[PDB]
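S.K.: Experimental coordinates for this protein are included below, preceded by the sequence.
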Amino acid sequence: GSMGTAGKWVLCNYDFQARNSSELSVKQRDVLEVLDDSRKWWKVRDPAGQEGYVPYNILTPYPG
Amino acid sequence: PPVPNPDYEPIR
């Protein structure tokens, strides 16, 4: 149920693990919905329904 | 070199 756009799709270049509640656990070759992109860490959502921060270094602009 | 400078307004 997609009401409208707000971010984009970004692929994970590398894997990571959520060491705190402010962050998330993601793997390379996965794609995530960004929500905020104005700083060093972007607010995205996993396909399982979980929101938090991940480093922009492992994120890349996916063409869809 | 992943994990850049610490982000503002955390979830904790």
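M.R.: Looks like it came in fine. Residues are numbered from 1 along each chain as shown, chains lettered A, B, ... in the order given.
S.K.: who's the residue nearest the centre of chain A bridged to?
M.R.: Centroid-nearest residue in chain A: residue A:44, 3.5 Å away (criterion: CA atoms, centre = their mean). Legend: beta-bridge partners of residue A:44 under DSSP bridges are residue A:34, residue A:52.
S.K.: Next one: it from chain B, what distance?
M.R.: The gap separating residue A:44 from chain B is 13 Å, by CB to the nearest CB, to the nearest Å. Every residue, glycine included, has its C-beta placed from N, CA and C.
S.K.: What of residue A:64?
M.R.: According to CB to the nearest CB, residue A:64 and chain B sit 24 Å apart.
S.K.: which parts of chain B sit against chain A?
M.R.: B:1-8, B:10-12 (CB under 8 Å from any CB of the partner chain).
S.K.: Try it again at 10 Å.
M.R.: B:1-12 (CB under 10 Å from any CB of the partner chain).
S.K.: May I see the buried residues of stretch A:53-64?
M.R.: For stretch A:53-64, a neighbour-count test (16 or more other CB atoms under 10 Å in any protein chain shown) marks A:53-56, A:58-59 as buried.
S.K.: Now that stretch - C-alpha only, CSV.
M.R.: What follows is stretch A:53-64, C-alpha atoms only, in CSV (Å, rounded to 0.1, in the frame of the first residue of the first chain):
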residue,chain,number,x,y,z
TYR,A,53,19.7,4.5,10.8
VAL,A,54,22.4,3.0,8.5
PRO,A,55,25.7,4.5,7.2
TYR,A,56,25.6,6.2,3.8
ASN,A,57,28.9,4.5,2.9
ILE,A,58,27.2,1.0,2.4
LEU,A,59,24.2,2.6,0.5
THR,A,60,24.2,3.2,-3.3
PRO,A,61,21.5,4.9,-5.6
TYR,A,62,19.6,2.0,-7.2
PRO,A,63,18.0,2.5,-10.7
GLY,A,64,14.9,0.3,-10.0
